[PDB]
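> Would you be able to build a 3D model of this:
(chains A, B, C, D, E, F and G)
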Amino acid sequence: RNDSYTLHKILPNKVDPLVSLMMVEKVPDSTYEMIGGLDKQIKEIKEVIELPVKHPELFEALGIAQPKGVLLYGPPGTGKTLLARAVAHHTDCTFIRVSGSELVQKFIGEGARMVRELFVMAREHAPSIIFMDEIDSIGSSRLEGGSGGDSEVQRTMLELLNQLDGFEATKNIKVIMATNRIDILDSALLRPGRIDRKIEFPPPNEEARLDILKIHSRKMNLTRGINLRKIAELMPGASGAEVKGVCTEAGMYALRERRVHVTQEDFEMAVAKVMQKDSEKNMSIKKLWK
Amino acid sequence: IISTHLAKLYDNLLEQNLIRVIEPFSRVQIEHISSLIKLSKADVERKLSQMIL
Amino acid sequence: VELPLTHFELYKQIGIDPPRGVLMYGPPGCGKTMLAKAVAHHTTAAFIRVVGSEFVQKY
Amino acid sequence: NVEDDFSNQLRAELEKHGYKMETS
Amino acid sequence: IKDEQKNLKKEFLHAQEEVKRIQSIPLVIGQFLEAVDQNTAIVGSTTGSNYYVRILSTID
Amino acid sequence: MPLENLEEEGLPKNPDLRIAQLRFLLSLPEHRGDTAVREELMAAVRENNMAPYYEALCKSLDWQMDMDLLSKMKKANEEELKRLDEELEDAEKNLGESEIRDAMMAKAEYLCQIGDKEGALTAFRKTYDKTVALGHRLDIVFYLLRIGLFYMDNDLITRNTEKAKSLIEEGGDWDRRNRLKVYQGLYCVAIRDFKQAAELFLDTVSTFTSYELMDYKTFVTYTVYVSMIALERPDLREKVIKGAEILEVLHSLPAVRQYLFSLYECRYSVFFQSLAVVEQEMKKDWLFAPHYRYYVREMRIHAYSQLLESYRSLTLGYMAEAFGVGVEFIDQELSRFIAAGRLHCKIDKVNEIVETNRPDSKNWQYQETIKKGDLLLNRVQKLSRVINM
Amino acid sequence: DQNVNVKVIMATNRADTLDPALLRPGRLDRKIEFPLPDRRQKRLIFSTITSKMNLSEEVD
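Numbers count the residues shown, from 1 in each chain, chains lettered A, B, ... in the order given. The relevant structure is shown in the block below.
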């Protein structure tokens, strides 16, 4: 109450800068099932990121020191990025995004100089994931010289993370970095004794494409005869977006036409449309960002 | 496109001529209405039956 | 853009999930805004144009 | 009479055959 | 006492004119963050300053 | 596919051949391992008698309880239990969301095979709480529906239906609605509302893909007959008879093809003959059709009403010929219908004129008011005394 | 998405100036691309511009 600043009542809710951050970044919706065809990938990622945060006990007991650093690498359109974030939704970790730029982060107004202070705060709201992201179309002016701006942040974080308090044989705060090369890495990340394993995702396969597409195709009506395979084979993809777009597009064709169901013929027209859009991006030398 | 569209309109055309005549009349003969439509008394009897439903 | 405004009911029914935002990308002059402008003119309504420098105030 | 449906199966068959032979 | 109620309602209605003056201008527009409780709540005025303020006759 | 169980089940229940049908009927539960629920299930199913199990005899000799039913049940359960344990324990060490989910979907599918209704709800909820693909989530509910219909108690399905309703909306998958639509129709034929059952069955025929259906051919034969019950002639003539959709659906209807013809021609005589036959061939076969009375009444009203509505006069001899029913019989049936007065016609047997009043006036709308009015009159008073004490 | 409401529909000519949080599932369904048009697609755009102008034809 003003001009004395004497307290009235306690609002039962807690506020820190970290809780707003988590909400704004927004955890994904997409399940590992949806993403699937990356089934081989969900097992590999699971072991290094998820297992030590869930139960650091198992590992403290064996007598190891839990990986500080986890590098995910491969294409940014085999849906590697989508899944990386899906591990954060699945854990219920706070989503702290650091790019080595001040994306909206408030704390002192950057959290990319914040190594030591961030771990603490993240600890309070454990488990947490500090996320580092490269797609090389945002922050394309920070890829040269030091060879990625995101790389400086990683280097520093893992090194302090290695030993502070009694937190070398305990782990609940992870760093996921996604990178698109094997060159963005620094020599400290390559040598083992802090980074257990480095995970690789293939470029989009025909075979994996069928399952991601099958789940989206369920969202609308199908009719007699399977031609999910025919439509999967034709697209060369370039993104999870492209897969998802085949379905949405079939609805747009059906709506124009004023159908009350979705037909097998619509999917045929849609793939072909989507395909063509991919080809235009291919000619221009572009990904999905212009 | 022409053949089909006209066909549906043809049967309909009959209804439209009857509704018009019938509307400001009550207990009027099939014979009187049948003169305006220029369709048979009997053919009209059948059409009214459907329209009533 | 235009059809869910008119008939949300058909657009939900079909198997495309309820309206979410659109992102338009390209190199300068390609008419990302042009197609948005065009549709808004025909409609005469269901469009709020806001300038992104109107968010900002002096104070 | 609890339900008309059991009796009705016989009725419709029977009634048509007699009625048809005579008048219809 | 059944009559006394009817008079108390008369006094009431005249007494209501008293709340009505605060309810009219000058007024500032805010936006309701959320209701922590009936008698007081947390609000954010259109100044980018938040205030903890009272609810006039426990608005629903 | 599990829907096949139902189709078979209507036959030993109704009289059209009791004994032979029972062996075949019993086999589909025999594999699934249905034993715990099976003895309780037979009792409920009855509404035209005859148990689908060996726990009672009604009309003829029942088939025996196979040993295989018990053996498959124990083996399937033991397996499911071993599998699930490693997964539940592993789930804790690893990502909670993924591991448990995969384990729970399988565990639920086996519980539904036994037919444990309670085991199906518990198994379902855990998967929903955790992350799971919208298509994959929605699929799960189909099993819980199949058991309620299997049980064929009106109460049990109403509980399932409420849950199913909340859930479909969250996921937003149309392919999945089609399977849901069929279950919904199957319950509808079972009670007094065929009117509702007709809509569900028609929409689904046009675009369907063969998952969760007992046989497409039987299903199409059945769909047309149900549409008639709901739909009077001005709707029926356009939609079913002359429509584009019926060819796309494919033909297996002929007994029914002739049936629709009789209403359109204005020659009712053959309608009544077919009505009697339709009760014996479709309805009995199918498990779903109780309170058969409703079906008969409505169909007979449809024929009478369409002729009467069009015509305020016919002469008796013409009226009798067209209807093709005996004179005492045409009168008696109508007598019930005239009381309600949505038809509201008199018959002379001295003037030889059958008159139709045909109210579309205040009379029509008011009569309904009275009937509804009676039900409201008892309830309100009953409520007042219970509370007072 | 209190109701139906389609969200921000925005146009972007900068790829480096853009948030990737805005691209998260459940904010954006469909991302539209605008290419520079090929010879055939170009001709249509030209034809319409000419139609707005009134002249005697001395352009092909």
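
> give me the number of residues near residue 47?
Looking at chain A here, since you left the chain open. Applying other Cβ atoms under 10 Å in any protein chain shown, we find 15 residues neighbouring residue A:47. Backbone N, C-alpha and C define where each C-beta goes, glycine included.

> not what I meant, chain C
For residue C:47, the count of nearby residues is 14 (other Cβ under 10 Å).

> element containing the residue lying closest to it once chain neighbours are set aside, please.
Spatial nearest neighbour of residue C:47, excluding adjacent residues (Cβ to Cβ, 6 or more residues apart in numbering or on different chains): residue C:40 at 4.2 Å. In this structure, residue C:40 is located in helix C:32-43 according to DSSP states H and E.

> roughly how far out does that helix sit from the chain middle?
Offset of helix C:32-43 from its chain centre (Cα atoms, centre = their mean, to the nearest Å): 8 Å.

> before we move on, what about stretch A:204-223?
Between the centre of stretch A:204-223 and the centre of its host chain there is 21 Å, according to Cα atoms, centre = their mean.

> Chain neighbours aside, what residue packs nearest to residue G:59?
Per Cβ to Cβ, 6+ apart, closest to residue G:59 is residue G:50, 6.4 Å.

> actually residue F:142, sorry about that
Nearest residue to residue F:142, sequence neighbours excluded (Cβ to Cβ, 6+ apart): residue F:179, at 5.6 Å.

> ditto for residue A:69
Nearest residue to residue A:69 in three dimensions, chain neighbours excluded: residue A:195, at 4.1 Å (Cβ to Cβ, 6+ apart).

> Next up, phi/psi of that neighbour, please.
Backbone torsions for residue A:195, taken as degrees, to the nearest 10, come to phi -130, psi 100.

> Near it, how many residues? Count them for me, please.
20.

> Ok, residue F:4 next?
Neighbourhood size, residue F:4 [other Cβ under 10 Å]: 13.

> ok, it touching residue F:29?
No - applying Cβ atoms under 8 Å as the test, residue F:4 and residue F:29 come out as separate, 11.3 Å apart.

> Tell me which helix or strand the nearest residue to residue F:325 once chain neighbours are set aside sits in.
Once flanking residues are discounted, residue F:325 sits nearest to residue D:15: 4.7 Å by Cβ to Cβ, 6+ apart. Assigning secondary structure by DSSP H and E places residue D:15 in helix D:5-22.

> Give me the buried positions along that helix.
Residues D:5, D:8, D:9, D:11, D:12, D:13, D:15, D:16, D:19 are the ones in helix D:5-22 that count as buried (16 or more other Cβ atoms under 10 Å in any protein chain shown).

> now do stretch A:97-114
Buried residues in stretch A:97-114, counted by 16+ other Cβ under 10 Å: A:97, A:98, A:99, A:100, A:103, A:105, A:107, A:111, A:112, A:113, A:114.

> if I look at the second one, how far off is chain B?
The gap separating residue A:98 from chain B is 63 Å, by Cβ to the nearest Cβ, to the nearest Å.

> That residue reaches residue A:113, doesn't it?
No - using Cβ under 8 Å, residue A:98 is not in contact with residue A:113; the gap is 9.9 Å.

> I figured the residue nearest to residue C:47 was touching residue C:34, is that so?
No - Residue C:40 is beyond contact range of residue C:34, at 10.7 Å (criterion: Cβ under 8 Å).

> more neighbours, these two?
The neighbour count for residue C:40 versus residue C:34, taken as other Cβ under 10 Å, is higher for residue C:40 (18 against 13).

> Count the neighbours of the residue of the stretch 101-250 of chain A found nearest chain B for me.
Going by Cβ to the nearest Cβ, chain B is nearest to residue A:223 of the stretch 101-250 of chain A, at 24.9 Å. By other Cβ under 10 Å, the residues close to residue A:223 number 16.

> helix, strand or coil for it?
coil (DSSP: H, G, I helix; E, B strand; the rest coil).

> what sits against it?
With contacts defined as Cβ atoms under 8 Å, 6 or more residues apart in numbering or on different chains, residue A:223 is in contact with A:261, A:263, A:264, F:207, F:208, F:209.

> Quick check: of the residues you listed, which lies closest to chain C?
Nearest to chain C, judged by Cβ to the nearest Cβ, of those is residue A:261 at 8.7 Å.

> Tell me which residues touch the closest residue to that closest one other than its chain neighbours, please.
Ranked by Cβ to Cβ, 6+ apart and with sequence neighbours excluded, the top spatial neighbour of residue A:261 is residue F:207, at 4.1 Å. The contact partners of residue F:207, by Cβ under 8 Å, 6+ apart, come to A:221, A:223, A:261, A:262, A:263, F:178.
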